[PDB]
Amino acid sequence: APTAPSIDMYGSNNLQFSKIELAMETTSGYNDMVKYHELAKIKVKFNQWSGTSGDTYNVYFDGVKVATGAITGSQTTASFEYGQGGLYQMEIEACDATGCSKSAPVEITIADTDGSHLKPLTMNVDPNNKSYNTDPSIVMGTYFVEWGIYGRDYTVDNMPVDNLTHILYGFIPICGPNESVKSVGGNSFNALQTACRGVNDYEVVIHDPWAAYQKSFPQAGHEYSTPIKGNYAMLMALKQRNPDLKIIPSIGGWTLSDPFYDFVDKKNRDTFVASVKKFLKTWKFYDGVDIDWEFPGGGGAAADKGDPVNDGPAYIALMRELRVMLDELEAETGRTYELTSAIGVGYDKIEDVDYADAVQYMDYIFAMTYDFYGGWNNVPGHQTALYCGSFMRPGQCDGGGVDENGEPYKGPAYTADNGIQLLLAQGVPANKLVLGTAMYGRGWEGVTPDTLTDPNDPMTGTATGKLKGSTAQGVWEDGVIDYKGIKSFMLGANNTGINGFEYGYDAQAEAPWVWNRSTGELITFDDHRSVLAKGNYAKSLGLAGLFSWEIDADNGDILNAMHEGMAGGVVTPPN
C-alpha cells in the first residue's frame, strides 16, 4: 500500500477555510473589504517521504469522499472546492493498485456566514429577563444597534434571545447623499465615506466593519485570527442557538434615510435592490430586509428633502421590486425571506403612502408608535401614548378643534391609536401591524409647577430646554434617557420615585411620567403599566405583536411587560 499521507498543518493554513474574505487591520471601501465565494477553495498540503506515494488521493470528510486527485511524488497539494460550511473530521488517503493508506483524522473548519461552523453562542443575559411561553405566532421584536458595543457595552450575547422572535439590526446605510449623518457628529459620516469608496451610489454597505466583523469578542471565543468576528459572527452563533429566530437588517433610520428620496428614479431602485440581493447572499444569517425610510414625503432629518406626491409611489414600487428579488432568493435557496418596514404613524406621515397598495408585498409593518413629543421643542406631551392625554385641548385628539391661538389643528393628534386606526381604515390587515414600545424616555427641564395650566398634570406645563445628564445616567444625547437610567435615577426599585422625582400616570392616555418639581425635569416614557396596555390593545385588535427600540436600553422590565401583556394571545401569521 502507499505510504500514508502526512498532512502539513501549517501550510494548509491549519485547516481553517472560509467562504468569505474579510479585510482585518484596515478600513477601506466595502467592495475591497468583503468578498464572498459560493465555494470555499480548500488547499491541503501533505507529504509521503518514505515508501511509495501511489497514484491518486482521496479526501474524506466524516468518512464520506469529497475530493480526488493525482499524487505528485513526495509532496502533493490536495486542491478542491466545497460549498457547505461546517466542522469536519478530514482524512487524506493515497491509493495505487496495491492498496490505500490514510492519514490520521484532523478537524477542518469551513466558515460560512450562516454560522454552520459555529457552536451555539454562550449567553450573558441580565437575569431580570424572565421566562415566558408566549405563543410563537406573536411578534416580539427589538432593535439591536451596531454601535451599542462601545460606550453602551451591550453585545449580542446580552440579548434575551429566548424572549425575541425578531431582531432588527440597526442600521445598514445606502451609499449616496448622506448629509443627515453629520448631525450625529463624531466619525459617522467619515466612516461612511470610507465604506462607500469604490461603491456605486444607492448600494448598501456596512457602516462600521470593526463592529460588524473585525472586533474580537473573547466571550464568543474569538481569536485575532478567527476569519469572521464582530457582531455578525455573534449573530451567526446566536442563530445556531435559536434557529427559529429571524434576524433582519434594517436599512435607513432617521440619520441614514437621505438616499431613499432619490428612489423616485427607478434606476436607483434597481441598483439598490440588486445590492440587497448581493448582501443577503453574502450574509446568510440574515432572513429578509427591513426598510426604515424616515419618511416618504419628508419631515425627517433632511429639511430639504421629501416629495408628498412622488415618494409614496416610489416606496410602493420599492416594496414590489424587493419582493420580486426576495422571491428569486427563495427559489435559489429554498428559504423563506421576510420584507418589513418601520413607518411613521402621525397622520401627516401616513397620508403620504398608500399602504393598502404597499402592504400586499410586506410581511410586517413596524409602526413607530413613539417620539410623538420630545425635547426638540419645549412642549411637553406623551411620547408613546395609546390614546389622547388629559393635557390635550378640546378637538385636539381628532383634529377638529383649534389651538390656543384659534388656529385649526391640521390633523389628529399624535397618539398610537390615531395612527393604527388610520392604517386599519384603509385596509392594512391588523395581523401585519406590530405596535412599537419605547425603551427610553424623552424629557425636558424647566417644567416647574408655576408653568402648569392644570396643577395635577405636568404635561400642561412649559419647558425651558432638554433634559441634561451623563452617560452613566443613560443620557447619551440631551433630551433622551435609557429606560434603565430612568429606573436607576428616577423610579427606584419600588417604582415610587427617588432623587426628587415623583411618578404619575395618565390613565386616559396610557402613559407614565416622572417629574422633579424642584428642577422641573419631566420625562415621558413606557413602563410596565403602559406596555401591558399596549399588549392588551394589540390582543383586542388582533395585531401581530409588539416591538421595541432599543434593546440595550432595557433592564428586562420592558420586554417582560411586552410578554406579560400578550399572555394567552395567538395570531394568524401573515401568509
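The term rigid core refers to the most C-alpha atoms you can superpose between the two forms while keeping them within 1.5 Å. Note that residue numbering follows the sequence shown and begins at 1.
Q: 210 to 218 versus 97 to 105: which one's CA atoms end up farther from this form in 6 other deposited structures of this protein after a core fit?
A: Result of the core-fitted comparison in 6 other deposited structures of this protein: 97 to 105 deviates more.
Q: Which of these two stretches, 498 to 506 or 182 to 190, has the larger RMS Cα offset in 6 other deposited structures of this protein when the rigid core is kept aligned?
A: Once the core is superposed, the stretch further away in 6 other deposited structures of this protein is 182 to 190.
Q: On mean Cα temperature factor in this entry, is 97 to 105 or 310 to 318 the higher one?
A: Between 97 to 105 and 310 to 318, it is 97 to 105.
Q: So, looking at the entry's B-factor column for Cα atoms, which has the higher mean, 159 to 167 or 453 to 461?
A: According to the PDB entry, the answer is 453 to 461.
Q: At the C-alpha atoms, which of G469, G485, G148, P218 reaches the highest B-factor in this entry?
A: The C-alpha B-factor peaks, among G469, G485, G148, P218, at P218.
Q: When you compare the CA B-factors of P177, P429, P408, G497 as listed in the entry, which one comes out on top?
A: Highest C-alpha B-factor among the listed residues goes to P408.
Q: Report the third (lowest, middle or highest) to which the CA temperature factor of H382 belongs, ranking only the modelled residues of the same chain.
A: Within its chain, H382 is a lowest-third residue by C-alpha B-factor, going by the deposited values.
Q: In terms of the chain's CA B-factor thirds, is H117 lowest, middle or highest?
A: For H117, the deposited C-alpha B-factor lands in the highest third.
Q: Rank-wise, by C-alpha B-factor, drop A561 into the lowest, middle or highest third of its chain.
A: Lowest third, going by the recorded CA B-factors of the chain.
Q: For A567, return the chain-relative third of its C-alpha B-factor as stated in the PDB record: lowest, middle or highest.
A: Ranked within chain, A567 CA B lands in the middle tercile.
Q: Going by the recorded CA B-factors, say which third of the chain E550 sits in, lowest, middle or highest.
A: Lowest third.
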